[PDB]
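Quick setup: one chain, the form deposited in one PDB entry, written in structure tokens, and binding and motion questions come after.
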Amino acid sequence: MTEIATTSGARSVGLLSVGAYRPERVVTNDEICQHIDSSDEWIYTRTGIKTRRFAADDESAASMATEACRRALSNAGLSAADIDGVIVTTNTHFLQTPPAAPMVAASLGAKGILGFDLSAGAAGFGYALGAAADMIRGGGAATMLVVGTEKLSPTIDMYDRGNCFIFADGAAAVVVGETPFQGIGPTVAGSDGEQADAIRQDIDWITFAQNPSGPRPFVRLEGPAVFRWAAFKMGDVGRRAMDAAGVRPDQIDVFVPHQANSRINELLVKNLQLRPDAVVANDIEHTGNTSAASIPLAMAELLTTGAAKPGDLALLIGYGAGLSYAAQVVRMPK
């Protein structure tokens, strides 16, 4: 008889670049406060958000992903031909099928490359990044695109005084490939499925399709439940990720938690025992909560301002719907 072959690729993998796409339209707190009894002062104090970007009607999660990938490729000095696969992570691709990944690949001029869509709420980026790293190390690919993208705005109920000022749109991609030294730490992930209702679409699409003249679905957020969970549990997740990467808290240069709420993230900083001079992502102020796109958007922001430098040691922690979390230590890209 015979034995199935065992193969592998390059074990040392890193981020070669990040590229970001932020839709043109700025929406201020004042504009949001047209339909709720609140204020700019209240929203900012409670969430850290001042403005956010909304995509145009002719844009989609897929279209924004493609643009982010184009920019990541340019920032890496690479072309579509250099990519072996693409993982699209999103929760706002509004078709059951086909998946966005093949269309994104085709738009980039690499229609034939492997790829799929990964959905895990905000934790989607960490899972997709870990999955790309795993695939590359295993020899299934040499270089990959991982893109987080969300068009959340069409799912927002603008009268919902719990979340209409939270969610927003955008996309950001990383090129993942072989590096001289290890650039992506082990994935630390998990969930709490018992709190699946905390971030949800309230009416499923089929129930809706069978009663379309009735209420339509919107995203709902049980804010305090998520706040409590994230603020209390993500510190341990961070410690596990640093432990797995073999780094001490005081070695982290840059902290990039999912941009859910500034107060949650501030509490995490105070729990994580980072250096006083550690750089902390605050992209939320002008980006809001872009779920799956949040972390790569925040990474791009930090590099843009120069607050983060290429090579900086970064701790990434994604947390959100499903109650799903995913974290890893990485070295900052270009």
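A residue's number is simply how far along the shown sequence it sits, counting from 1.
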* Asked: Comparing 274-282 with 59-67, which has the greater mean CA B-factor as deposited?
  -> 274-282
* 194-202 versus 155-163: which one carries the higher mean Cα B factor per the record? -> 155-163
* **Of the residues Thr89, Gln96, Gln259, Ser79, the one carrying the largest Cα B-factor as recorded** => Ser79
* Reading the B-factor column of the entry, which of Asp169, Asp84, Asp250, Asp134 has the highest value at its C-alpha atom? -> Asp250
* Structure fact -> Chain-relative C-alpha B factor for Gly124 (record values, thirds): the lowest
* Structure fact -> Chain thirds by Cα B factor, record data; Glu150 belongs to the lowest
* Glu178's Cα B-factor: lowest, middle or highest third of the chain? -> middle
* Asked: Among the chain's modelled residues, which third holds the C-alpha B-factor of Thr187?
  -> middle
* Once the chain's modelled residues are ordered by C-alpha B factor and cut into thirds, is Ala100 in the lowest, middle or highest one? -> lowest
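There is another form of the same protein, the form deposited with a small molecule bound; it is not shown, and what comes next is about it.
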* Structure fact -> Among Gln273, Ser38, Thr28, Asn282, just one has a heavy atom within 4.5 Å of the small molecule in the deposited bound form, namely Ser38
* Heavy atom within 4.5 Å of the small molecule in the deposited bound form - the one residue of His286, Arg70, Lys309, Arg46 that qualifies -> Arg46
* the small molecule isn't shown here, but in the deposited bound form, which of 74-82, 185-193, 223-231, 103-111 has heavy atoms within 4.5 Å of it? -> 223-231
* Asked: Thinking of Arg161, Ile166 and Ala260 as the candidate spot, does the small molecule come within 4.5 Å of a heavy atom on all of them in the deposited bound form?
  -> yes
* Please check if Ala245 has a heavy atom lying within 4.5 Å of any heavy atom of the small molecule in the deposited bound form. => no
* Asked: Taking 4.5 angstroms as the cut-off for heavy atoms, does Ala141 touch the small molecule in the deposited bound form?
  -> no
* Asked: Using 4.5 Å between non-hydrogen atoms, is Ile264 touching the small molecule in the deposited bound form?
  -> yes
* Asked: Is there any non-hydrogen atom of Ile199 lying within 4.5 Å of the small molecule in the deposited bound form?
  -> yes
